[PDB]
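Okay, so here's the structure we're looking at.
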Amino acid sequence: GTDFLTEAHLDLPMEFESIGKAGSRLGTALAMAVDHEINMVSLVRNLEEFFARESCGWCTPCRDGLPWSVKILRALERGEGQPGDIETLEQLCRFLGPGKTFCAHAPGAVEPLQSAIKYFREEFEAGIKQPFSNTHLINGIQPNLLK
Amino acid sequence: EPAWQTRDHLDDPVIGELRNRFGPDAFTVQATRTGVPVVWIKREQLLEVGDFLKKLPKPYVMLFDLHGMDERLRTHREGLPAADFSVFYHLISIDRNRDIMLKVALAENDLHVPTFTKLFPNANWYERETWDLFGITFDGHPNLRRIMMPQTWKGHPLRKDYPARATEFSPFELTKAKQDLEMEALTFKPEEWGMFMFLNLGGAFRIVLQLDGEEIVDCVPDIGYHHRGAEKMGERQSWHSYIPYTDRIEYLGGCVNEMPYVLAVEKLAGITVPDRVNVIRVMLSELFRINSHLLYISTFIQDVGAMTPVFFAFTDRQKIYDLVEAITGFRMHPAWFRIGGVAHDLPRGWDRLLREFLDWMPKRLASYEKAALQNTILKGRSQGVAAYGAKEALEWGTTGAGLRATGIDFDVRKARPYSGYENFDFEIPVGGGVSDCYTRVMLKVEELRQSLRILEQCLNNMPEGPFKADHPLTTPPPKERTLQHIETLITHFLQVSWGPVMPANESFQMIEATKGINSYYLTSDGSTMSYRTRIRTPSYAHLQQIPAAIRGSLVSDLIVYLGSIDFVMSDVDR
Amino acid sequence: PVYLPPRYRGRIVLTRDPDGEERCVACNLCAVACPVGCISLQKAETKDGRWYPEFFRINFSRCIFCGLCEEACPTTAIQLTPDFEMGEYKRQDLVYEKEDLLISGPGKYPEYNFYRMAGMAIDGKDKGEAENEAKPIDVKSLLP
Amino acid sequence: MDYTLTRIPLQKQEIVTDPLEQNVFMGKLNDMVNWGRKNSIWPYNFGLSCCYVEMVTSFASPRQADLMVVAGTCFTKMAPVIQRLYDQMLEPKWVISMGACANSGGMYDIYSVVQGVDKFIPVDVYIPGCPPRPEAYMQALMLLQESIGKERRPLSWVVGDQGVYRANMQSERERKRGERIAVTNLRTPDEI
Amino acid sequence: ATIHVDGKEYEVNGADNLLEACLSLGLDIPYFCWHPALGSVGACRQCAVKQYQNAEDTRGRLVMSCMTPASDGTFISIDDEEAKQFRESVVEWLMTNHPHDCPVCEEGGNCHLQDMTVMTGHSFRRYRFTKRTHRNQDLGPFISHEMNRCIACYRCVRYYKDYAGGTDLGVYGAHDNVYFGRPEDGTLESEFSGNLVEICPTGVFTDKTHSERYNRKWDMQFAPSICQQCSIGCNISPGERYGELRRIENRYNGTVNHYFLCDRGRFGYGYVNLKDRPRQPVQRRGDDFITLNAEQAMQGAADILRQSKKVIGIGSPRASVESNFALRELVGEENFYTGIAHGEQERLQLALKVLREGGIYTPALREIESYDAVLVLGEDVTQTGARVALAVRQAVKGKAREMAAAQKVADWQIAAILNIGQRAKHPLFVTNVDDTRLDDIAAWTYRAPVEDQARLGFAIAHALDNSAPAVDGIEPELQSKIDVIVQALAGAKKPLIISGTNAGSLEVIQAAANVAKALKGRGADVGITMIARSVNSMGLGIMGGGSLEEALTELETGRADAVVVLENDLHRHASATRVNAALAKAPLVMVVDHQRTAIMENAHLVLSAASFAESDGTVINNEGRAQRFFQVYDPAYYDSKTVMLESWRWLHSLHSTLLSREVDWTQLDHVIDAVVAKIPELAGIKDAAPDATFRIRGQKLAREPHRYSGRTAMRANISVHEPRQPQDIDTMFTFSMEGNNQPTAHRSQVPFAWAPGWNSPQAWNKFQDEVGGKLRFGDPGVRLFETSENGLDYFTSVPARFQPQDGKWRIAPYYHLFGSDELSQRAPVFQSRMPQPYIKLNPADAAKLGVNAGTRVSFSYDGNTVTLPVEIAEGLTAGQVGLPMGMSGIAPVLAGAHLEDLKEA
Ligand code: SF4
Ligand code: SF4
Ligand code: SF4
Ligand code: SF4
Ligand code: SF4
Ligand code: SF4
Ligand code: SF4
Ligand code: FES
Ligand SMILES: [Ca+2]
């Protein structure tokens, strides 16, 4: 439910205020370790999948942004990432903070997205291969290709 | 800061001069998107405000527009004086290269304004049109009568309570009006018209002629015979559905006619169109300007030579009509300028058509100059009679080739650029001294050359961006995203059906038309339609000044002057 | 014969989809985008699924061929052919009914079908069978 | 086919049958008269707002032209001029209404526009649409030529029926219905 | 309170929500889950603004306008960057999974989601993945259901559970697979399910009756009218297209019928577009029927009336005040008979005497919800007029509302109110013959015959005040229940007594008046309301006249040879055989009506009267207020052979041609002048809507929106030459678009709700001074009554105990909602919803008859042995058989009448 920390934050005492100023929170104080053999794309995809399928259906932003984060992370895992996904994820996690949603499930959901975007950006950047393709041609209408 | 930002123009030197002259009070500055400082004036001091404006160090020597406005149903009147009616006076200072708006407030029970014709002589027909469309009376105004509607009219058309539909066509009214037309020549009353022998000499319009033998003494033309009611239907159609009605103002212009309405609607919405949209707009406008200039030069050169005056012009107009048919739908009225862009994209063959057009016209221009220089009999005949210069073209309107023929270097495309005309290098040609009947056609030939150079520059480096802006108020949205995105379908569904909901402001777009300076002044009440559409047309001011130059001329001189003036009667009557 | 460009606003037709049915879905966007106001139609519904126009009358004595209806069609049904050889002896017979407008093939837009994008239940098209639409996961399903 | 007659907008017309279905000299003479009125037609292009350049570029004293082209918009101030010019002409007379402005109100349903030329004078041939091409006008010339070719008008005002007979022709939309419905594919608007 | 929005000071209420305070100022904040009548939840996050505490602040906090109280000192901002892009993100998340089926949607231009998507300014789509799809459900003949369009805003279940009290619809689902509906497939049994069409901002719950023969909102020619189906008189907006009425919309009025209709008034408009309606003046001569126009029919009718010796005018409670008065002037005043039974007329007169002479204030529909206890005597409120039952549900929830308000929590957050409440209900005591739909929330339900309900009311009045006449024979357990009722009513600040003329007896009305007088005598703020039968029955009672039986005796005796029946079936108000014999004995029968009734056969002349969609008129509420309904369309615009003139127009022209031998097509306000100059009790009806010469800022009011389509091709199938628009001299309304429907216009009656950017039914909030409250510039209709200074006396006549007998069976009324009105049951859509004609028996009565459930039994009334299948009713009493009133062949007169020969068929 909390967000990731790198090896440089291992020296911090596990308190509330001490991890509060490190852009993080203590939470349940039961730590979880991630190794180099595990890609954080799959790990954060699984975390967002758990949060998307274990949220309720009450309020809009969590309801229709956690599946969107799930699908974006699935595209990044499968190598089909597209331009407009990393900025979409960071705008999503900016708009899913405390006060914006009805309860606090969504800030704890998007905090791992915050830390994975902030620290291990290169994996998500390498997850984007194909260009942007949201619409397909009608072959009777000239597309509005902006340059 | 964008050009569509709602400014108040409090830093304009004219506002500071008004504050120093008439105090901080006595006028109310309105913040609008017109790009023009608008000040609200009480009824009593309008004459002295204008008189102070007349002898400024760089004075406002031109009355661009004068029309009324029904404010009784305007709900979004914030920061405005409590007025049931308002008479706006659009003034332009060429020396300042600026313009101001003077809105005299009015109540319902007393629709009396002191007249403005003593200061600007072109105010006569504007005040008559205000008395026609609205119910505003002007005190001390000579021959105040109905000018656009027939004299046997009950109500006022542009007033908000007037129903804007054709009534049940009773043949009794038709027979009665035919009977009035029967005895109007024999039982003529020269007191209603504000007037020796009296006759009615039959665009198509009639002018009442008073003759001392064969010499014309007085002439008051009768207009209003082509009144389509463009402004009242502008109050009736939405923002998107008025585009064909914008085409049908003048027939030679078309795309040039829908430029100011589209740009003013974009100003109201707050849409900044990309470079490709501006270049396409410039291309189509210069194509239709070429069409109108070719028609005017062909109809001015036919009456003397008549060897090959129409066949030599027929191929050019037909090929540019085929080019317009390729770019847009049918040839005369494209209905192709949309809000925030254009209706479709240019095809994959417009480069070939434009290149085949542009390498085939220069020898036509050389032939046209040769033909305009060969007939020296017309050059010695038409150069003498009725040549106004530098003062009659500045007080009577006269925004067309007459203004630049008098030497006043004032073009909208160089003074107040619009639709990206700063990126095109073209030297505006001007006359010298008087506005002759030959200087106007020489300037139109040189304007044809400048339009050809503009088209060449457009074809040289063409942008490859979008043909529609990314604003949510671009009506309609792009078609492919409409067909395969839900949100674009939402925007298309609501903008097409109800109309694009637009913020409550006022906008004013002034462009150089194909025969003068056209302007659309649009007031939005926040609804999906237009609360007010004002169309200031150049042919109205061009036709208003013909009694000032046929004052002591002949009938053939009058016909020659009518041929040499680029007015259009349906453009006069909108 | 006179050559005309494909983007010519001549005679107005209705269109059929590549499936073969009428691709008009009997909305009112073209009737209300008309500045003249010369399109009249009323929706009828098939017993299984789709909408069709019960009638579709266009007053061609009133139309100016401005092209707002084709531009306003979300299904690309109403279209402007390059045909212009019209003219009638009576004003009453210038009103083209449904049988005078619906042609037997796809016109200027050959390979578009609206109902492959729509979400409603259609004969031969169940829920989730449209474009970019997932299969309907049941509410009572065992998946968390 | 059936025929309508007018005998002496508020006039009465009812359905009858042609008198040639019953003098073989009169049948050939009436056919020759209709042929002569068919191949020799003088138009009177009325000066109005903006279908002028479509009748200018298509290729005229009044009272010798048996055909009147009402082209532009019919206004409240111009309609008596139309009526006076129509009664100036001599029978037989035929009317072609060019553009939507003459067929109907023509995009102007406003107070100052008469809703079509049919409100005061009859119209024989209509051409629909904002500005029609001159080929549409020339096809309408064919239409009115064959309509004139099938009439039954009195030869003289001494002997014979004193009523002109108009033909209830088959409409062009039903005649062209097969060729118009049987259109499979069209050129896409992305090219020229 | 004083707030600051957009750096600008505003003065709003202190205890209300910030969203409703900002919407009451005319500002635009998008919203999906907040409703003015349903409270505020957090199902969306669309109303987000940026709040600051101090006067100057940089960051602030993104808050919800429907969760922030509009307190003193808040500095909120709306059109800043962050809140606008967050609202754009929320509408993007709603378009993440939304089907691309807008042109095949029943909402279209009536969709709130489209308006709030355009308002936020979102057109570019960045979502490239798959969407979410759901299956569909069959929700009866009224509500078409499809779940793909939903945005999970929870307004439907909030209304249907908390407000409407229905126990059918609900939320079933999960995080993203959230479903709104029914666990099975079936008709929604709630009587208020038709408001889901306007409650839902999307196209999930749509009008099935409008889905068949569908048109868009801008194509709809609207009118402000009154529902004619029962006496509550809910303000409606009927809207037509192509000459047929197509959709009834809810018309806002802050005094009666603010936001919600009932199912009967919403879906019983199918009779005005029936193809068997009289559209021509048809006169039968010899043995064949001929069709006339108005002129020669009026001449012939006046000639036959002149040749007659006496005319009898039989009015109807369905007819308007103007039409009934026109009949009353055409025939003599001394002989004008109201078209109701003698017992029905007695009950109506007693109800009117209680209303305007009892000295007790009669609440309107909005202010019923503010009362502290409800006692319903003998009235099936949920089935006769259900809007008072819905207001009773809100009044019951008022206890939870005030208990939450005692805990210093806000009133606009309904979740906290229902949290604090927890089935805490105001005392509701309903008495009826059988079980009602109010028994779920009622404190007590009394299943007893009508005399026993009246005796229960007399016991309540005697326990409340000892001056009331005592009733003997009360059982000790029933006496304890009386003690409970009177100690609940004595502790109530504003008690309410509800009764009606549909109970079938005068003594229930007498008991209700006695209880109201007893509550008023001890200083309580008691209100009393009576639910009448038809829409304008109370106006007929105010105008008065003889009963139907007196007219039938006059026709059977032969004293009158001419009868004019105005808009009356004559079989619902008397026996069929006697009415048929009396009409056959009359040498001249004229029937002025808009529905093909059974009395048009052997009727010498039939006048094609106009229904409420085609006529203007005035109807008087059950509360007592007089509203007026306007025409929707001209019936002669299409199929110009038909005239379909107004009933008052027909009768006034008949009277004028009787007197002066000239036909006068008069004007409505002349008839209003006549009714206010002749009847002093009806002098107040010229204040509901103004004169026809009323133009705000010079122009009239528009029936249709500014985007009315196909104006030059709508009638082109018969004539390209467009006819002139129908000129309306009766009203202040023009039939075409050039009127005025501005929200800030000085008027009281609004045709339809449309604002720029607000194309939804949620556009009514721009037409109100405060949203969710009263309508701006007043409300339609005026009260027409005042609370009397001195009340009535105590009614001494206490009825005896109902003792059953073997030979005689007492008919117990049931009044099914979809089958107790002739105009409702003529609609073709109600036939698949209405139950089959049944009868109801006690288990002991079924045992003594030897029959079982579903077996046909034959009962003989008026010499006709008719057979019906039975149903076992537990709440019914012995000696009573239950019947649905208003049925085909079962007149509502039989309520309280006796029955004989209950034999098995
Ligand atoms: S943020 Fe909380 S209240 Fe909102 S949908 Fe997610 S789990 Fe439910
Ligand atoms: S082309 Fe224009 S005028 Fe003609 S039907 Fe279409 S929208 Fe109407
Ligand atoms: S032609 Fe197109 S816009 Fe018109 S009703 Fe059919 S689908 Fe709708
Ligand atoms: S049909 Fe079009 S081009 Fe012809 S007169 Fe009318 S507006 Fe002008
Ligand atoms: S079905 Fe409609 S009212 Fe119910 S949650 Fe969905 S959008 Fe809201
Ligand atoms: S409910 Fe609204 S947004 Fe959804 S398909 Fe229907 S019209 Fe479109
Ligand atoms: S409660 Fe009565 S008046 Fe109101 S909508 Fe229902 S039937 Fe009509
Ligand atoms: S309106 Fe839904 S969160 Fe406030
Ligand atoms: Ca009426």
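Chain identifiers are assigned as A, B, and so on, following the order in which chains appear in the structure tokens; residues are numbered from 1 within each chain, and ligands are numbered from 1 in order of appearance.
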Chain E residues near ligand 8 within 10 Å, closest pair each, using only C-alpha atoms and all ligand atoms, as CSV:
residue,atom,partner,partner_atom_place_in_ligand_line,distance
E:17,CA,ligand 8,4 (Fe),9.7
E:18,CA,ligand 8,4 (Fe),9.4
E:19,CA,ligand 8,4 (Fe),7.2
E:20,CA,ligand 8,1 (S),9.7
E:29,CA,ligand 8,1 (S),8.8
E:30,CA,ligand 8,1 (S),7.4
E:31,CA,ligand 8,1 (S),4.2
E:32,CA,ligand 8,2 (Fe),5.3
E:33,CA,ligand 8,2 (Fe),4.2
E:34,CA,ligand 8,1 (S),4.3
E:35,CA,ligand 8,1 (S),7.9
E:39,CA,ligand 8,1 (S),9.7
E:40,CA,ligand 8,4 (Fe),6.6
E:41,CA,ligand 8,2 (Fe),6.2
E:42,CA,ligand 8,3 (S),4.3
E:43,CA,ligand 8,2 (Fe),5.7
E:44,CA,ligand 8,2 (Fe),4.1
E:45,CA,ligand 8,3 (S),3.8
E:46,CA,ligand 8,2 (Fe),5.2
E:47,CA,ligand 8,4 (Fe),4.5
E:48,CA,ligand 8,4 (Fe),6.9
E:49,CA,ligand 8,4 (Fe),9.8
E:63,CA,ligand 8,3 (S),8.9
E:64,CA,ligand 8,4 (Fe),5.2
E:65,CA,ligand 8,4 (Fe),5.5
E:66,CA,ligand 8,4 (Fe),4.1
E:67,CA,ligand 8,4 (Fe),6.3
E:68,CA,ligand 8,4 (Fe),8.9
E:153,CA,ligand 8,2 (Fe),7.5
E:154,CA,ligand 8,2 (Fe),9.7
E:155,CA,ligand 8,2 (Fe),9.8
Legend entry - Close residues to ligand 1 using only C-alpha atoms and all ligand atoms, limit 10 Å, as an MDAnalysis selection string: (chainID A and resid 51:66 96:109) or (chainID E and resid 42:45 174:176)
Legend entry - Interface, chain E side, toward chain C (9 Å; only C-alpha atoms) as a VMD selection string: chain E and resid 97 to 105 108 128 to 136 146 148 to 149 172 to 174 177 to 179 211 to 216 218 to 219 707 to 721
Inset, instruction - All residues within 10 Å of ligand 4 are required, counting only C-alpha atoms and all ligand atoms; please report them as an NGL selection string. - result: (:B and (228 or 244-245 or 247-251 or 332-333 or 570)) or (:C and (61-66)) or (:D and (48-54 or 70-74 or 97-108 or 127-132))
Inset, instruction - Extract, using only C-alpha atoms, all DNA, RNA and protein residues at most 8 Å from residue A:5, discarding same-chain residues fewer than 4 positions from it, and format them as a PyMOL selection string. - result: chain A and resi 9-10+24+115
Inset, instruction - Up to 12 Å from chain A, what residues of chain C turn up? Count only C-alpha atoms and give them as a PyMOL selection string. - result: chain C and resi 6-7+71+75-76+106-114+131-132+143-144
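Atom CA of residue E:421 is positioned 18.0 Å from atom CA of residue E:391.
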Inset, instruction - Point out the residue among D:157, D:111, D:165, D:94 with the least atom-to-atom distance to chain C, counting only C-alpha atoms. - result: D:94
Inset, instruction - Counting only C-alpha atoms and all ligand atoms, name the residues that have an atom within 12 Å of an atom of ligand 9; the answer should be given as a PyMOL selection string. - result: chain E and resi 223+609-617+629-636+643-649+665-669+692+726-735
